[PDB]
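Asker: This is the structure I want to talk about, given as structure tokens.
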Amino acid sequence: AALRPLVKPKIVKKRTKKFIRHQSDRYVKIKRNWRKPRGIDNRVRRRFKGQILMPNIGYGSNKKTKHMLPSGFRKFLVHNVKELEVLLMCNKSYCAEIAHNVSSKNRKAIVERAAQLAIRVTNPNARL
Amino acid sequence: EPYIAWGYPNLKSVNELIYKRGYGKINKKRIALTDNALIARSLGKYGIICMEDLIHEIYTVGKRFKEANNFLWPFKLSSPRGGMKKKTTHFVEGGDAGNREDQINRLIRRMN
Amino acid sequence: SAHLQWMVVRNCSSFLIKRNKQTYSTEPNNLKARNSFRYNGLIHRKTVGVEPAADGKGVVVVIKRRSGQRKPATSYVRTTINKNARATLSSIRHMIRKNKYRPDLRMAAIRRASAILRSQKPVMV
Amino acid sequence: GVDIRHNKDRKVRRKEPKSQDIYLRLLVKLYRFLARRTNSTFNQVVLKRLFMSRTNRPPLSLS
Amino acid sequence: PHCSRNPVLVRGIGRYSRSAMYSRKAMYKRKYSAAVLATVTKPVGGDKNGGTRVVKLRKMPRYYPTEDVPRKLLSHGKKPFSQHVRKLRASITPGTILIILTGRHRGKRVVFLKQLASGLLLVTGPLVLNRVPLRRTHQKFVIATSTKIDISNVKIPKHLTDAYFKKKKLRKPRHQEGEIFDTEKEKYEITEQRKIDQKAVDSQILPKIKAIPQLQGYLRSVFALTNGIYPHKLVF
Amino acid sequence: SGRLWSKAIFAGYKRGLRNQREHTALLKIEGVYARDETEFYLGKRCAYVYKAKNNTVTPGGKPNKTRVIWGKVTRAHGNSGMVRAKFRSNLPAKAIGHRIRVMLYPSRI
RNA sequence: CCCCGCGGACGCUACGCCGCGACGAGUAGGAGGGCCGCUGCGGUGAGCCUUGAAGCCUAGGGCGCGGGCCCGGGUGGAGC
RNA sequence: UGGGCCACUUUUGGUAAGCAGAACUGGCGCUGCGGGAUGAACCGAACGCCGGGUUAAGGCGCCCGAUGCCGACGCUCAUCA
RNA sequence: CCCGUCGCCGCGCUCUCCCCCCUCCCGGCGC
Ligand SMILES: [Mg+2]
Ligand SMILES: [Mg+2]
Ligand SMILES: [Mg+2]
Ligand SMILES: [Mg+2]
Ligand SMILES: [Mg+2]
Ligand SMILES: [Mg+2]
Ligand SMILES: [Mg+2]
Ligand SMILES: [Mg+2]
Ligand SMILES: [Mg+2]
Ligand SMILES: [Mg+2]
Ligand SMILES: [Mg+2]
Ligand SMILES: [Mg+2]
Ligand SMILES: [Mg+2]
Ligand SMILES: [Mg+2]
Ligand SMILES: [Mg+2]
Ligand SMILES: [Mg+2]
Ligand SMILES: [Mg+2]
Ligand SMILES: [Mg+2]
């Protein structure tokens, strides 16, 4: 059916849940975006048990499967047909996806061009 | 004394330590002693050019014990299987520290 | 010089596309479309490249000559190959291997010729 | 844990010129290959000097 | 083409040393010092087209994928399943009574015939007794009861191999888009052959079972655990 | 036509006092109350069979409400029966004190 | 002085790619990297946009250790 | 940064102090983790994200993982053990 | 050149000839 990648390794994620900021639940003024707690008495910064986890370099993903989409592919944002042509010779590890601003009639031509170039599009039906 | 346990290893204890956990210090790296050429390359000038020569220079403390021993990376043993019955007192008072003469061999079997 | 001109355009060029964890080059004769000294289609004394034909069928392989290295009007020769898939692949293989014309882009050119050729082949239902 | 001091782990020395002179980069490339692929220690000294800063390359008077 | 000339006392070790084998192989006297087609030529097919066409076999590919994968390193072990060693449990011996644990014949007690070349056990229920035909079973999903029948002097037919017992299939001939459904073969057919082999095996295994008392009744029953006994305490 | 599995029970996860490791679970098998008695079960496949609302597909049968979390016995846990087992996914805490089946699957007897 | 043959994967943005070994606590503080983010200027993308820009909403799909980002649907109506 | 504090041992003033002042080493401050039910400093051990195995100090009636050993030898009755 | 069943290490057979024991398309078979 769809275009298969060159290789499909098992993608292993050391953590799937998001790193939420300390005390982001107690407030609406505090967004989920991570902030390192620089407080003298902070128990999250001190890394007490049962507290909110702090992100660090140990959670980094494997080189091999980093940035891979859940189907064997890596993303690349295209805005016109010319940017599609650059993915002709990868074609098996990178998939195009159309930017949000591209108009309905223009992205139809992008979808048709990728189909005959054997390029996988992550959003091939997005203005219909 | 309160930080080490030591003793007098026998031939079998030297054999198992070198063969199972023998890592060489080559180019400041920790290379496993998987082939004889790895020892002959660095200890060849002293006549120690295989594993068996390394056992013989260590067990029978030879003229080049210092070179053969320092070539060996310090052995990374596991925790003693079956416990150690103490850690803070001397061996002769029921503990672990100090010199157990020939009982280091029993510890080595459980340690690696 | 290729090495001197490379150090000028290796990071500052009009054809450079730097996007999410990837880089690409959009210059005309860059097979594999990647930012690289080997595959750059502008800085080299000799370069090879293939393109789809102006019509719907065939592959146009363009070879840079040596005399007019400074004159871009006549610096490239292009030939249109419009035979079967096997015949064109052998023809472009001969055009690189036998001429000894940059024999490091041989498989880059043959692979690109294959990708262009099956793109021209009609989509089945 | 192993007891060691990690303050002297990172050796502080030039691994490349801090300049963006493409002509100095080019002959650094040339002398990086020569030092790697020859046993000459002259190329090693020259290569490490090409990395050095201007104050570490004082002008040499003709006399 | 002699035999090994070196008996094995432990795997990886030979009985005799290099010198001992040198004398046995007599390499003292037998010492030895010193000592297509890519294209075919088809005929012309003229006339006046002369010159026979040298036509090459193994022609060049007409298409190349944009990317290839590097070849794997070499493994020095890892034989395929066809040439593995088949290990058979020491408690399982031809003629023993097994207990099927998993399949549709869960808990049935069947008699164990020879083992197949794929490691699967060829067991039969005496089909008349417990409705288990000539059917393969896995060594690991059975229980070896200590009850045996001497099935020495039995003729198991030669064509009772794994290829014989391998499952067959029908779908799907010339059909890709399935809208008219294959309303047949849902009845797997017990081929007249299988009925004959089953008749041959059981007729020469049934009297040997009737010989020892109430073995027929034992085989008709199913194994089960009650609110009493526990498997680690049971003797089988 | 028979029970065909030994009835264990889910006692909790392997734990310290204030740290609990949910990836392994401790099982109490009926009739085994010493370590030497656990050697029979030391590799047997275990199952946590439960029901839910939505029908799920059933191998060899029509879809129904019965679900299972599979696992197997890893080793013995301490001086008196008390096998510890590993499941394909960590068992829910709701299963503590409920039935775990030990299947007599892969058998060495 | 290869060849019945005319052939033989990938690579090397050298600021790149590859190999091996050891190591990984941290306030005050110092340094590096940031294809983290905001606004404006010079170049550049024969870039995007009334066949719908910004902004906003989202039980939608994802990527990144993270800062954050991309994409789908809705609203919006002129820029980015 | 130039407010320090604590523990073993040595030690001064004081009846003494979770007091005041010194010496040495370690620690807390700057540090999370296992144990002491609880705890800045005690005992063990220092920390990237994980799986398996084994230990430290400490424990194994139940809370609460582990003695559900046919554990060994004694001692002890408390109407505040 | 149909896809390196490859390196180190440890072995077996053959390019020598005799024998012995189970065998075998077996040749007819009395087993
Ligand atoms: Mg994430
Ligand atoms: Mg919030
Ligand atoms: Mg504090
Ligand atoms: Mg143990
Ligand atoms: Mg102490
Ligand atoms: Mg540090
Ligand atoms: Mg560490
Ligand atoms: Mg750090
Ligand atoms: Mg919008
Ligand atoms: Mg102050
Ligand atoms: Mg004081
Ligand atoms: Mg410190
Ligand atoms: Mg601490
Ligand atoms: Mg604690
Ligand atoms: Mg207390
Ligand atoms: Mg662990
Ligand atoms: Mg307790
Ligand atoms: Mg308990």
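Shown for chain E, in order and in Swiss-Prot numbering: 42-76, 88-288.
We read in the header that electron microscopy, 2.8 Å was used to get this structure.
The backbone N, Cα and C atoms fix where each Cβ goes, and this holds for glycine too.
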Asker: Looking at E:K239, E:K247, which is the one Swiss-Prot tags with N6-acetyllysine?
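Answerer: Residue annotated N6-acetyllysine in Swiss-Prot: E:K239.
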Asker: Going by Swiss-Prot alone, which of E:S127, E:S143 is annotated as phosphoserine?
Answerer: E:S127
Asker: If I take the Cα of E:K207 (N6-succinyllysine) as reference, which of the modified residues E:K94, E:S127, E:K239 has the closest Cα?
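Answerer: Sorting the modified residues by distance from E:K207 (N6-succinyllysine), the top entry is E:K239.
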Asker: Rounded to the nearest Å, what's the C-alpha distance separating E:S127 (phosphoserine) and E:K94 (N6-succinyllysine)? Just drop the number here, would you?
Answerer: 43
Asker: How far is it from E:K94 (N6-succinyllysine) to E:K239 (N6-acetyllysine), counting Cα to Cα, in Å?
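Answerer: A Cα-Cα distance of 54 Å.
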Asker: Using CB atoms and a 10 A radius, I'd like the single residue among the modified residues E:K94, E:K239 with the highest neighbour count.
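Answerer: Result for the most crowded candidate: E:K94.
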